[PDB]
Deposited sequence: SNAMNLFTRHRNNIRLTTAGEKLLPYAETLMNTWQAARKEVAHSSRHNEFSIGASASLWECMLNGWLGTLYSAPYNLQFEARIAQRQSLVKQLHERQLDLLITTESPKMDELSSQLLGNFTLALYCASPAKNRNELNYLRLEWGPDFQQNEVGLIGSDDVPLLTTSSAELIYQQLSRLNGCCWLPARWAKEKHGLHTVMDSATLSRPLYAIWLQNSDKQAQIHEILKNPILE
């Protein structure tokens, strides 16, 4: 049946859509579900055998789960203009997981949504640098560091699809 991969809207938009595209020419024949849901729902679904694979930047409680570190990607603080300091902007919140972090004018889990809004909310937000570089009108905020996130695959250790999980994770995301 369908192999389900779950992740936040921003991971699908910024990196997993390309990776999923490569799985259709991999040496096997599968149908896929690209599931977009909140972290607590996806983690519960792994335990209930309702989700096959979770991709995330933070490992959850690991009892009865397995994890594999896939890589690491850079994160920078972007705005729509050059030469701006953070105190001249509205800090918008793109969700990056519980451990990553005035009320923000906008909070969301979609990088594309926060990118569209940033140009009309005098905004800045933390975005994946590789994805942000191919957008127009993004400039790093001057008083800011380059940060990063790890990327993990999480699955049920006793999953009935451990064989297919092992082969899918041979295709690199980063």
query: Unmodelled ranges, which are counted on the deposited sequence from position 1 and given in order; finding: 1 to 47, 149 to 158, 232
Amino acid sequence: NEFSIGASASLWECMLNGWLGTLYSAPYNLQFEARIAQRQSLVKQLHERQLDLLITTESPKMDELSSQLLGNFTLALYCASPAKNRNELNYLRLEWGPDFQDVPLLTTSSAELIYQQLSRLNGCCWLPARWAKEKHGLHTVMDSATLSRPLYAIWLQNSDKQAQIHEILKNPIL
From here on, numbers count along this sequence of modelled residues.
| item | value |
| --- | --- |
| Greater mean Cα temperature factor according to the PDB record, 91 to 99 or 71 to 79 | 91 to 99 |
| Between the two ranges 105 to 113 and 41 to 49, the one averaging a larger CA B factor in the entry | 41 to 49 |
| Options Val141, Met62, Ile36, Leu121 - largest CA temperature factor per the record | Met62 |
| Which of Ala132, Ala26, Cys125, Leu54 ranks first by CA B-factor in the deposited coordinates | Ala26 |
| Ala145, C-alpha B-factor rank within chain (lowest, middle or highest third) | middle |
| Record-listed C-alpha B factor of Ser4: chain third | middle |
| Among modelled residues of the same chain, the CA temperature factor third for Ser159 | highest |
